[PDB]
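# An overview of the molecular structure
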Amino acid sequence: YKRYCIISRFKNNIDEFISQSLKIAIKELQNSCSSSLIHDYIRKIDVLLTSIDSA
């Protein structure tokens, strides 16, 4: 229900903590409707993850 936005926000705070990244690749991929229904700050929140992944 409303937990699809919470767990995405829970994975957003957990991906900022940095194999283990391969399980993180499952959280970052397979977009069916979560990368279509969601807000305007979540787009730059995805940019903060890959730049942190660039380190």
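Structure determination for this entry is recorded as cryo-EM, at 3.98 Å resolution.

## Observations regarding the overall build of the protein chain
The secondary structure content of the protein chain amounts to four helices and zero strands. Ordered by position in the sequence, the α and β elements of the protein chain form the string α-α-α-α. On C-alpha atoms alone, the protein chain measures out to a radius of gyration of 11 Å, which is about the 10 Å that the 2.2 N^0.38 rule sets for 55 residues. Once the C-alpha set of the protein chain is aligned to its principal axes, its extents read approximately 30 × 20 × 15 Å.

## Quick look at unusual backbone geometry
One non-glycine residue with positive phi stands out, namely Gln 30, at about 60 degrees. Along the chain, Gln 30 falls in the loop between α2 (20–28) and α3 (34–37).

Reading the values: the criteria
All residue numbers given refer to positions from 1 along each chain's written sequence rather than to the entry's numbering, and residues for which no coordinates exist are omitted. A larger assembly contains the chains shown, yet all values here describe just the shown part. Heavy atoms from the whole structure form the basis of all side-chain values; hydrogens and water molecules are not counted. Residues with missing side-chain atoms are left out of burial classes, side-chain pairs and their counts. Note on conventions: DSSP H or I runs of at least 4 residues are helices, E runs of at least 2 residues are strands, and numbering of each starts at the N terminus. In this treatment the radius of gyration is a C-alpha quantity, and the globule benchmark scales as 2.2 Å times the residue count to the 0.38 power.

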